[PDB]
């Protein structure tokens, strides 16, 4: 049956039985059975029927072919059968607009759960079942003209998942492939992030140069993120053949240029981008799935010369290679041969990994190809008593976690059996190692022994953990672990330095995670002090052993187990300690005034709140008292009700929030705001944040308030809410009803001064002039006191 042939091809593709794959996009209007809207034949020169066996998957790429064309029944009842016989699968390609509302059956279904689920079945019946093919390929490109909305990409991804529940590896009908082709990186491809686990392949178009000396910069950088969503064996990269009459913007130069002296040049793969994609392999994960070509019906046509690369549809510059001609698919077949003869696709054999039980678990976990070995960068779990020998493990040189579970017949672990990534902090877990006789981890810069199950190593006869980065100090848990290893050796043998080697550690230095002083003190000694020196200092080991300064390190360097000193003699404090570069100290005085400085001078009774930062986060918070300290003032003006202003009433209310992301000005050089602190407390200072402190607009200092007066309602015996709106406003505007408590005659960015213990419920601040002719502005006002 023709549906069982197709089902079995898809299963042998999906299970990786084909080696490196080669795919091609065949443009429907270049099949000879294709007819346009007027019912006339478009091009007689080529036909899908002649696509060679070297093409593993053939993508029906549809345009210009009318819906009543003979092409469609010809494909269904003739092309599918001829191509299946040689082992070629047919896949239908549709654009994303057929899923997101913009085109086709998408326009006839609501954007609801039951609506998108009915749409999905309608797409699978219209584009897969009714056309006879072996799967579906969703084309997702950058739309530079009218971007897709977040709601459209959300719908396309919900429809795609409903499709993936019908066909593909997770679908009801696993005899069909489900594929995506794209031009978008992961950061720009939310549909890919959502559907990736349901894809057989991702086809990444990379026509033309992708940057850098080898022109593959974008391929390498993009693979670094695709590898978190798909396996390398699902990754296909694409080049394009030369399309006739291609204009600027569609001229990739992926194949060789026309040569008037050699009519066959277009079939020569030497020097082409196509050949480079054929040989390109990812740095991590595995070997790629293969390559694909756009416009496979143009296989072998020489590219139009570089001199023509500026032609456009209005500026036609026709060349000989724009003619249509019969192709015999030689370039395709050379590229497929180059890939299947590349020795990185030879299968891992016993010469790579001698132990059969080890070889089987590796192939099962990292892939089947020799080339997969040195690229794989994830986790390897090895289990059971059938593994006798770890030879070959060292070829997994990017392995990120090695996990040895109950390997009861392994006798030897040495650096030379281990991945080279073990020297750069790959994880190493080994449990139930009851047969282990030699445990050599020397020279691997291991920072702890965590994950090594030392209680289980009951047959140990020697170990070497020397030349690592361990902290074997008295309380380190790595010294407990070392002690068990030494006891294991001793049950079989007299302990010697060689069979229990652990010297020459060089433990790395880290920042302490917390600091002890929550409340510091200084006398009023009229001297300068450094808060980082005195309170936020030092370095820990990975096991949180604190070393405060260079003399604490010298004692540390003399640590010994049984009189054997385990720290390298030439390890220096400079190489161990953290330098604290870029650390910054934020101080808040009892003022509520703020400064950034690690130095304080103890001239008077004060209290700062200290926030220590490393350039990114707050590492430490403490209070510092100088002398007997000082009580912390509050901003009593916080949230003060505005009761009157010569400006706008709701711009005025923003000078009493907490922020500087706003500005208050009026049309002119003078204004006033009158406010009510509500309760009636004691005020000692005031602070004005001038125009240039604005955190929402870069504001220059020429807009700063330069003259002003802060005032108190002079008569306390008056009910301001018994006056009516208009009288109230003119009372508040009349200067003889206000007493000054503070002047300002400098256009500082932040202005602060003290008040003679002012007790007032009602206040008014007046801008009397600006730093320039511009309207003066300011962002925030504070009245600082107690209660």
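Positions refer to the first chain, counted from 1.
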Average Cα temperature factor in the PDB entry - higher stretch of 379-387, 256-264: 379-387
Out of 233-241 and 524-532, which stretch has the higher average CA B-factor listed in the record? 524-532
What's the residue among 472, 195, 630, 138 with the greatest CA temperature factor in the PDB record? 630
Highest CA temperature factor in the entry: which of 331, 706, 302, 339? 706
Can you work out whether the C-alpha temperature factor of residue 343 puts it in the lowest, middle or highest third of the chain? middle
CA B-factor placement of residue 774, once the chain's modelled residues are sorted into thirds: highest
If you rank the chain by CA B-factor, which third does residue 9 end up in: lowest, middle or highest? middle
Quick check for you: using the entry's CA B-factors within this chain, is residue 361 in the lowest, middle or highest third? lowest
Lowest, middle or highest third: which one holds residue 750 when the chain's residues are ordered by CA B-factor from the entry? middle
